[PDB]
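Participant: Quick one: this structure, given as structure tokens, is what I'll be asking you about.
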Amino acid sequence: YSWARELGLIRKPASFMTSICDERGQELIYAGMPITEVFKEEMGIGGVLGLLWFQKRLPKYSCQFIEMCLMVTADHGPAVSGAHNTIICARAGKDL
Amino acid sequence: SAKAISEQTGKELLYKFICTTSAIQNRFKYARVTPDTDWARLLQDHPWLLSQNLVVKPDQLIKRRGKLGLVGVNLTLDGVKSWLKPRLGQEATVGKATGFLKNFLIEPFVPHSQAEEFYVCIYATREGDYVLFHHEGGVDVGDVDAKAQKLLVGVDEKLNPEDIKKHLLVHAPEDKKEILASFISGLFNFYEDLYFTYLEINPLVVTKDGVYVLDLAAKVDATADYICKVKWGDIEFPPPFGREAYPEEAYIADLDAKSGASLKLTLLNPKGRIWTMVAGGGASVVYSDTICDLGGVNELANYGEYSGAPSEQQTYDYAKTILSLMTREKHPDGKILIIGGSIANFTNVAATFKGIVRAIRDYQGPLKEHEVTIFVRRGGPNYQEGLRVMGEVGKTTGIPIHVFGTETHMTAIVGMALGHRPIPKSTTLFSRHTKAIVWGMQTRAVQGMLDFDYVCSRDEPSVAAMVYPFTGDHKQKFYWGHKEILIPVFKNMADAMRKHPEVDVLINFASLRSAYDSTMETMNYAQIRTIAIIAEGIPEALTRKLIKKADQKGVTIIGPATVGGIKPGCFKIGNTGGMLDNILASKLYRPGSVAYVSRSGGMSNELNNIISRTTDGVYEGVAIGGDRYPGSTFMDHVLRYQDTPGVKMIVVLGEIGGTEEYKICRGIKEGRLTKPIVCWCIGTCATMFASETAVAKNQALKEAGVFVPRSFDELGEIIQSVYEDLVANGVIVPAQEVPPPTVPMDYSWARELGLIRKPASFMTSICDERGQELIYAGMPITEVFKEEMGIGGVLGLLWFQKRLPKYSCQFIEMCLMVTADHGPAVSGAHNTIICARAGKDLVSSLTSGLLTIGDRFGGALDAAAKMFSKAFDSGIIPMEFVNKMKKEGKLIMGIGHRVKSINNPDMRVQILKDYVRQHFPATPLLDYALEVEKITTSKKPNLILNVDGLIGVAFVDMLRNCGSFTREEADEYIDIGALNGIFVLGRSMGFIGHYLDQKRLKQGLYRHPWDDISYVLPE
Amino acid sequence: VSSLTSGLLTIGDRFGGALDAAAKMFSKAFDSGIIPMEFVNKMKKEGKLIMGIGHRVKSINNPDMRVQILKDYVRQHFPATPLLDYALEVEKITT
Ligand SMILES: CC(C)(COP(=O)(O)OP(=O)(O)OC[C@H]1O[C@@H](n2cnc3c(N)ncnc32)[C@H](O)[C@@H]1OP(=O)(O)O)[C@@H](O)C(=O)NCCC(=O)NCCS
Ligand SMILES: Nc1ncnc2c1ncn2[C@@H]1O[C@H](COP(=O)(O)OP(=O)(O)O)[C@@H](O)[C@H]1O
Ligand SMILES: O=P([O-])(O)O
Ligand SMILES: [Mg+2]
């Protein structure tokens, strides 16, 4: 199959479809932007999230805002439903 | 098709459903008599049989019964019995039909004058339903077509009562005009509402007392069953009067009825030396015709066909019937088997041939004894290899088999077998710019179209969008050569039309049930100018309505019951021409000068082959479909071809029945048709069963100037002669040949022909869902239940791939039961509850809890088993073990309890301990553990062997000593965590229990109280 | 536990949903009082497929063994099966 496909003798439709990231290249690509450009352009976590989630280069204010959201939602004590379960679980000797 | 019903069936429906002011007399007053009739029972159900004098007649689709002395009139019940004595069960010859008189009808005698007898008839035609009336009814009606008053009721038109009275009842007695008008009106509404195509009452009697339906002959459109099932009930369609079916005919009829495939068989001469096993309704006729043309009419043994993709098994069952039938008695000159067919559309030729090859191997002894010679001719996907298996079975058995392909003319094998020859509206519908919408989820058809487009060197794909009402709007992946492209799929046709104004063609793959409505809907979008209706089985009355709307809107309808057509280099309707290999083989990627029109789809594929081999190729070809009323006729297309400059000659493949072919004679006469026309009508043999005959039409066409061959065999030769003459006269300037673009083979297909191998990325050994039955580790699911395995047994198969002893299975079930739950205070239950309370679903809530299982919660079973196994296997004595653990600063896993002690035992442990002792052959590890317990309880009384420890060591003893596992196997299962699986599976029940409970208890969101939290944050 | 959960987390909608879906759908239809044929057509009109109807290979001539096993147990031991009776009538129409 590998060989027949190389010589373009047979066609087989792909079962999967992606559009967020391409690891196959010389360089890693996040939604069309190569990883070096991501750092060079100083995107940040917000910027990277814009490419992977929306496949868009967002304005700086937008990125900074996303980062701000992530910061305020980071934690709200151990009394909440989720924190409680994680604590119970950690205490029951489980992994991260 | 339109099918005849019995007089009883018709009368029953009429009495049940006719709505009229007219009082219909003797309603439901009929009794049926067969040779198996219980007269006592008959009289019990019909006491009216003694009330008055009667009439008796056969109800077997015998016409002119009175003239044949087959109607016993004005008889007492005794007289009726006396009349039946010499007739019931007797053989009778009515014209050229000979059969038995088996079914009769008894009705009350209606005294009346000849003046009180009338004739009424309604019948369907393309243009509507004709209503006929005659004041001189009876057995002496004569030529009713010229004599009777007649009126056409158009398509979707109402029968006006004023018109009945004014035009139909002109010669009716004045006093009976209102009652007749009222009855005829009700009869017409009845005729429409129950989907009749023919209804005749001869005579209809109207006396001073009321209306009497003395006789009734009717046909219904059988395809309307899906609508009318409720009113029709278990309606029976009687076969015409004549001989009854041989047991072999009945067998094949049963196979046909129980499958989507077409399997037909009729014996002509059981003692004939010529047997046929032909694929396709069209080809079967053609072969039968050729045999008759070569004088074999008296030696032809059968008429039959197989089509619609039958399974290898069905093909085998069909073939064995033929082979059985031909090896009953020897013939001095031996026998012949003609295994023919046209070019198959998509079905792999090797598949059906495997069934036939199996039948030949089973009947090789009788076939050699009866000196049978087999002739094969078939085309289609991978026909080359299908012909190889045929040639090979001939060599291995010794039976003479002569195998031929597409290169041989279809009917050439006949002459070879007999030893006569040696064995060697709008004019344009489509353009290269045509864009279509496909109604339905037809991935293969769309891809087929797109491969034709690519190979035709079209700039864009011919399919713009698809309409599939069950899914939401999405895009489907397809291939433009080797490049993947996306085609939009719409839930609503309105959206497809809106987003694609460039589309003017619609290909309708809607089922026969929804074809009508989807076509009518399409006609509300003016952009659509051509509609191809694929569906076979649309009721005639509905197709007429489609025709009417299309005609008034100028929409060209191709179909119903068609594959479509093909315009080489431009457009291909759906599945026309089949796989690329056939499109390439018959050079359909580039246009020629020859245009054709056919009824049969199969024959269109054969015509593509014929034309490509004899001429410069096909310009445009159309299959008009096989329904009674095609949307577009032979003439419709012939005129388009006459008016297309690129068309230099026309080929028409006609058929027996209808008078369409005569419009061509007329067209030529009138000087409208000037282009050379080649025509051959199939069904020249059918006259061995007047203007409508194939023989009559072929004669008329030849006289009109049409080029008509002697037989179907000479069709290739005549086409080539016409073509060569047109080249010689410079009418045809053939173009230089350009090679088409190449497209890769489909992986699916390559894998089928075993051309490529691709290694599996995965490996399984627990279950196989691919089979005819589900298999759990080698044991089929039915055996699982038959052997009464239970949950324990099933777990043994899926987890260990072993058939365990019953006591082992029962023990596993016991473990699952004790581990099921242990209250809501435990880590896992708590999380599930929290989760359920936070409004999550079952799976999220369960998993949230299960994710706590492993170390400090639920770990103990695996831990205990591992610890004790290690200690035991190391050979240290229990006391040495206890002290070793103390020194290492470790507690024993599976030892200790909060309240339970040596004097106050744990019930779960008691239950299990007792079962294990009683049923397990050996328990060495349990014995060792219990000895450790003797030591620890002597320290503190609550240092008992707990349920986790008990299950752990019991399970190890079960694996090691049940005798299903080697030590290696038993030790691997423990290590890979089989014991964790037990706890997880077991407790999963309890957790689902809690989830349901919290939802049922309508428990709100949990927030942990701050009072229970010690906040120790930095400063 | 991680491996099991990873798989279980796919259960719910397009995978494993059918049991719940079928039970809900048929109960609704039965309880609403509509006759099987009315139900079949209602679904078609609404653009919905019947949950618990259809098979890739198995047909009315080639039955599913699991369905055979279960149908037969239920017929034998259940005092009353009105919804099953209703569903089998819907199956008569769809097949
Ligand atoms: C001495 C005393 C404080 C503690 O005794 P205890 O609870 O029985 O002792 P422990 O908690 O250490 O447990 C007993 C043993 O069980 C062992 N053990 C506990 N759980 C175990 C497990 N799961 N697996 C293996 N061993 C286990 C411990 O290792 C310990 O072993 P050791 O005796 O060799 O050290 C207690 O008995 C006491 O209060 N006695 C009263 C004496 C008195 O009258 N005092 C004077 C007042 S006048
Ligand atoms: N029940 C009846 N009462 C009186 N006359 C009847 C009755 N049934 C039939 N007849 C007469 O017998 C004739 C022949 O019967 P019919 O049903 O028309 O058979 P066919 O037309 O096939 O010969 C009728 O034309 C009519 O005169
Ligand atoms: O049966 P066909 O010849 O119309 O395909
Ligand atoms: Mg008559």
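Every chain in the structure tokens takes a letter, A first, then B, and so on in the order presented; its residues are numbered from 1, and the ligands are numbered from 1 following the presented order.
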Mind listing the residues within 6 Å of ligand 2, only C-alpha atoms and all ligand atoms counted, as a PyMOL selection string?
Facilitator: chain B and resi 55+63-67+107-111+138-139+202-203+214-215
Participant: Neighbouring residues of residue 26 in chain C were defined as those with any atom within 8 Å, considering only C-alpha atoms; residues of the same chain fewer than 3 positions away were excluded. Please report them as a PyMOL selection string.
Facilitator: chain C and resi 22-23+29-30+83+87
Participant: Go ahead and write the residues just picked, C-alpha atoms, as a PDB file, in the first residue's frame.
Facilitator:
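Okay, result.pdb is ready:
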```pdb
ATOM      1  CA  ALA C  22     -35.328   3.948  21.345  1.00  0.00           C
ATOM      2  CA  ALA C  23     -37.037   3.367  24.679  1.00  0.00           C
ATOM      3  CA  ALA C  29     -45.370   7.306  20.438  1.00  0.00           C
ATOM      4  CA  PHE C  30     -47.224   4.436  22.120  1.00  0.00           C
ATOM      5  CA  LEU C  83     -44.562  -1.765  23.771  1.00  0.00           C
ATOM      6  CA  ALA C  87     -42.379  -1.804  18.070  1.00  0.00           C
TER       7      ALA C  87
END
```
Participant: Give me, as JSON, numbers by chain, all polymer residues having an atom no more than 7 Å from range 8-22 of chain A, counting only C-alpha atoms and skipping those fewer than 5 positions away in the same chain.
Facilitator: {"A": [28, 29, 30, 31, 52, 55], "B": [482, 744, 745, 746, 747]}
Participant: Could you write out the selected residues, including N, CA and C atoms, as a PDB file, in the first residue's frame?
Facilitator:
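Result file is part_32.pdb:
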```
ATOM      1  N   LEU A  28       7.161  23.295  13.142  1.00  0.00           N
ATOM      2  CA  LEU A  28       5.808  23.103  13.637  1.00  0.00           C
ATOM      3  C   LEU A  28       4.985  24.316  13.183  1.00  0.00           C
ATOM      4  N   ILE A  29       3.748  24.055  12.719  1.00  0.00           N
ATOM      5  CA  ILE A  29       2.863  25.126  12.255  1.00  0.00           C
ATOM      6  C   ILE A  29       1.599  25.123  13.101  1.00  0.00           C
ATOM      7  N   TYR A  30       1.243  26.305  13.669  1.00  0.00           N
ATOM      8  CA  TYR A  30      -0.001  26.485  14.414  1.00  0.00           C
ATOM      9  C   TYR A  30      -0.873  27.358  13.518  1.00  0.00           C
ATOM     10  N   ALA A  31      -1.967  26.795  12.969  1.00  0.00           N
ATOM     11  CA  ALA A  31      -2.907  27.488  12.095  1.00  0.00           C
ATOM     12  C   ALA A  31      -2.223  28.414  11.014  1.00  0.00           C
ATOM     13  N   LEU A  52      -4.948  28.195  17.740  1.00  0.00           N
ATOM     14  CA  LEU A  52      -5.448  26.832  17.862  1.00  0.00           C
ATOM     15  C   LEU A  52      -6.972  26.741  17.990  1.00  0.00           C
ATOM     16  N   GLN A  55      -8.257  29.675  14.845  1.00  0.00           N
ATOM     17  CA  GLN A  55      -7.386  29.674  13.674  1.00  0.00           C
ATOM     18  C   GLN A  55      -7.274  31.087  13.131  1.00  0.00           C
TER      19      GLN A  55
ATOM     20  N   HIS B 482      -7.163  12.913  -8.003  1.00  0.00           N
ATOM     21  CA  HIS B 482      -6.412  12.460  -6.830  1.00  0.00           C
ATOM     22  C   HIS B 482      -6.408  13.556  -5.776  1.00  0.00           C
ATOM     23  N   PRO B 744      -6.329   7.225 -10.266  1.00  0.00           N
ATOM     24  CA  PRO B 744      -5.905   6.049  -9.489  1.00  0.00           C
ATOM     25  C   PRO B 744      -7.039   5.100  -9.098  1.00  0.00           C
ATOM     26  N   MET B 745      -6.681   3.826  -8.891  1.00  0.00           N
ATOM     27  CA  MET B 745      -7.614   2.788  -8.498  1.00  0.00           C
ATOM     28  C   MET B 745      -8.089   3.000  -7.084  1.00  0.00           C
ATOM     29  N   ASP B 746      -9.316   2.603  -6.787  1.00  0.00           N
ATOM     30  CA  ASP B 746      -9.764   2.757  -5.418  1.00  0.00           C
ATOM     31  C   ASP B 746      -9.234   1.650  -4.544  1.00  0.00           C
ATOM     32  N   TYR B 747      -8.721   2.010  -3.353  1.00  0.00           N
ATOM     33  CA  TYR B 747      -8.140   1.071  -2.398  1.00  0.00           C
ATOM     34  C   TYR B 747      -9.090  -0.057  -2.123  1.00  0.00           C
TER      35      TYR B 747
END
```
Participant: Return as a PyMOL selection string the residues belonging to chain A that are within 12 Å of chain C, counting only C-alpha atoms.
Facilitator: chain A and resi 94-96
Participant: Residues within 8 Å of ligand 3 should be enumerated using only C-alpha atoms and all ligand atoms and returned as a ChimeraX atom specification.
Facilitator: /B:280-283,307,599-603,625-626
Participant: With N, CA, C and O atoms retained, export the selected residues as an mmCIF file, in the first residue's frame.
Facilitator:
```cif
data_model
loop_
_atom_site.group_PDB
_atom_site.id
_atom_site.type_symbol
_atom_site.label_atom_id
_atom_site.label_comp_id
_atom_site.auth_asym_id
_atom_site.auth_seq_id
_atom_site.Cartn_x
_atom_site.Cartn_y
_atom_site.Cartn_z
ATOM 1 N N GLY B 280 -30.251 -10.196 -16.858
ATOM 2 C CA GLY B 280 -30.939 -9.001 -17.345
ATOM 3 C C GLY B 280 -32.192 -9.244 -18.159
ATOM 4 O O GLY B 280 -32.207 -10.108 -19.047
ATOM 5 N N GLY B 281 -33.230 -8.449 -17.864
ATOM 6 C CA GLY B 281 -34.534 -8.530 -18.529
ATOM 7 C C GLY B 281 -34.507 -8.252 -20.027
ATOM 8 O O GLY B 281 -35.273 -8.848 -20.796
ATOM 9 N N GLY B 282 -33.632 -7.323 -20.426
ATOM 10 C CA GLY B 282 -33.447 -6.947 -21.815
ATOM 11 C C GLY B 282 -32.774 -8.062 -22.571
ATOM 12 O O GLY B 282 -33.347 -8.589 -23.526
ATOM 13 N N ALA B 283 -31.567 -8.454 -22.111
ATOM 14 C CA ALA B 283 -30.727 -9.497 -22.715
ATOM 15 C C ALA B 283 -31.445 -10.841 -22.838
ATOM 16 O O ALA B 283 -31.319 -11.487 -23.882
ATOM 17 N N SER B 307 -31.302 -10.846 -12.194
ATOM 18 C CA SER B 307 -30.759 -9.488 -12.197
ATOM 19 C C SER B 307 -30.972 -8.837 -10.839
ATOM 20 O O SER B 307 -31.466 -9.500 -9.930
ATOM 21 N N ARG B 599 -35.172 1.723 -24.168
ATOM 22 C CA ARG B 599 -36.048 1.647 -22.993
ATOM 23 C C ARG B 599 -35.222 1.121 -21.797
ATOM 24 O O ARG B 599 -35.165 1.739 -20.723
ATOM 25 N N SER B 600 -34.596 -0.046 -22.028
ATOM 26 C CA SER B 600 -33.745 -0.847 -21.162
ATOM 27 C C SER B 600 -32.428 -0.158 -20.839
ATOM 28 O O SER B 600 -31.732 0.336 -21.729
ATOM 29 N N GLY B 601 -32.073 -0.194 -19.567
ATOM 30 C CA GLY B 601 -30.815 0.367 -19.090
ATOM 31 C C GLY B 601 -29.628 -0.500 -19.467
ATOM 32 O O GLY B 601 -28.607 0.019 -19.939
ATOM 33 N N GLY B 602 -29.774 -1.821 -19.250
ATOM 34 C CA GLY B 602 -28.763 -2.836 -19.556
ATOM 35 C C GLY B 602 -28.354 -2.831 -21.011
ATOM 36 O O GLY B 602 -27.165 -2.926 -21.341
ATOM 37 N N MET B 603 -29.348 -2.660 -21.879
ATOM 38 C CA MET B 603 -29.133 -2.604 -23.304
ATOM 39 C C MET B 603 -28.424 -1.318 -23.732
ATOM 40 O O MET B 603 -27.694 -1.336 -24.734
ATOM 41 N N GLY B 625 -36.418 4.681 -19.636
ATOM 42 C CA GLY B 625 -37.011 4.013 -18.493
ATOM 43 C C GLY B 625 -38.015 2.986 -18.941
ATOM 44 O O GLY B 625 -38.429 2.979 -20.103
ATOM 45 N N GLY B 626 -38.401 2.118 -18.020
ATOM 46 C CA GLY B 626 -39.333 1.035 -18.314
ATOM 47 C C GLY B 626 -40.763 1.188 -17.835
ATOM 48 O O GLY B 626 -41.565 0.263 -17.998
#
```
Participant: Using Å and a single decimal, report how far CA of residue 112 in chain B sits from CA of residue 162 in chain B.
Facilitator: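 The value is 27.9 Å.
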Participant: Would you pick out the contacts of residue 952 in chain B at 6 Å or less, using only C-alpha atoms, so that residues sharing its chain but fewer than 5 positions from it are not included, and give the list as a PyMOL selection string?
Facilitator: chain B and resi 861+864-865
Participant: Might you pull out every residue within 12 Å of residue 93 in chain C, with only C-alpha atoms counted and same-chain residues fewer than 3 positions away left off, and present them as an NGL selection string?
Facilitator: (:B and (226 or 229)) or (:C and (35-41 or 50 or 53 or 60 or 86-90))
Participant: Using only C-alpha atoms and a cut-off of 8 Å, which residues of chain B sit close to chain A? Please list them as a ChimeraX atom specification.
Facilitator: /B:482,744-748,750,756-758,827,831,834-835,838,848,851-857,1006-1010
Participant: Could you tell me, as JSON, numbers by chain, which residues of chain A DSSP assigns to alpha helix (DSSP H) when given the backbone?
Facilitator: {"A": [2, 3, 4, 5, 6, 35, 36, 37, 38, 39, 40, 44, 45, 46, 47, 48, 49, 60, 61, 62, 63, 64, 65, 66, 67, 68, 69, 70, 71, 72, 81, 82, 83, 84, 85, 86, 87, 88, 89, 90, 91]}
Participant: Give me, as a PyMOL selection string, all polymer residues having an atom no more than 8 Å from residue 9 in chain C, counting only C-alpha atoms and skipping those fewer than 4 positions away in the same chain.
Facilitator: (chain B and resi 843-844+847) or (chain C and resi 5)
Participant: Go ahead and write the residues just picked, C-alpha atoms, as a CSV table (one decimal), in the first residue's frame.
Facilitator:
```
chain,number,residue,atom,x,y,z
B,843,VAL,CA,-21.0,8.6,32.4
B,844,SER,CA,-19.3,11.8,33.8
B,847,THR,CA,-16.0,8.2,35.8
C,5,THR,CA,-12.7,5.7,31.5
```
Participant: Check which residues fall inside 12 Å of ligand 1 when counting only C-alpha atoms and all ligand atoms, and print them as an MDAnalysis selection string.
Facilitator: chainID B and resid 860 864 867 878:879 881:898 929 932:946 948:949
